[PDB]
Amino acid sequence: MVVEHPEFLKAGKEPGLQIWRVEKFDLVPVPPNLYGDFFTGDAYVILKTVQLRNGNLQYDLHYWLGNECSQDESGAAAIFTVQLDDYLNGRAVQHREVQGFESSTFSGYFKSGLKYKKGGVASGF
């Protein structure tokens, strides 16, 4: 029984960029107006879907860890990344991103730049 989450049903259906925040052991969409501004107290999962010439979709999954995110948040971000990859039949390539040391590919998803801000959602622990 492949593991499903309601957000998994929305994931990777069209080319684009989707960002979720870990909140209390769940995967919650980030409001699109706030894309690119990451709370240093939180952990996030990011799916970039690209349309390939052959017609198929390419998937890159990144989990981003803020410098003050709690251990439940970073652990859940890692696990939800695995589960979303599995839901995509294993086809996604997974990437760990740490605040201030992100890959150039990840940074490049944000036109107006990758930024950080203070705060974050309360720890589940």
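Each form is matched to the other, and the largest set of C-alpha atoms that superpose within 1.5 Å is called the rigid core. In case it trips you up, residue 1 is the first one in the sequence shown, and so on.
Once the rigid core is lined up, would you tell me whether 4-12 or 115-123 has the higher RMS CA deviation in 7 other deposited structures of this protein? So, of the two stretches, the farther one in 7 other deposited structures of this protein is 4-12.
Is it the case that at least a third of the other compared entries omit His95, given both of its neighbours are modelled there? No, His95 is modelled in every one of the other compared entries that cover both of its flanks.
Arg53: gap in at least one third of other compared structures: Yes, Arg53 lacks coordinates in at least a third of the other compared entries that model both of its neighbours.
Using only the Cα atoms and their B-factors as the entry lists them, report which of 62-70 and 30-38 averages higher. Here the higher of the two C-alpha B-factor means belongs to 30-38.
Using the B-factors recorded in the PDB entry, average over the C-alpha atoms of 93-101 and of 48-56, then report which stretch comes out higher. Per the PDB entry, the higher value belongs to 48-56.
Deposited CA B-factor, highest of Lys10, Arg21, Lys117, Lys24: Answer for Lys10, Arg21, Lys117, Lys24: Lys10, with the highest C-alpha B-factor.
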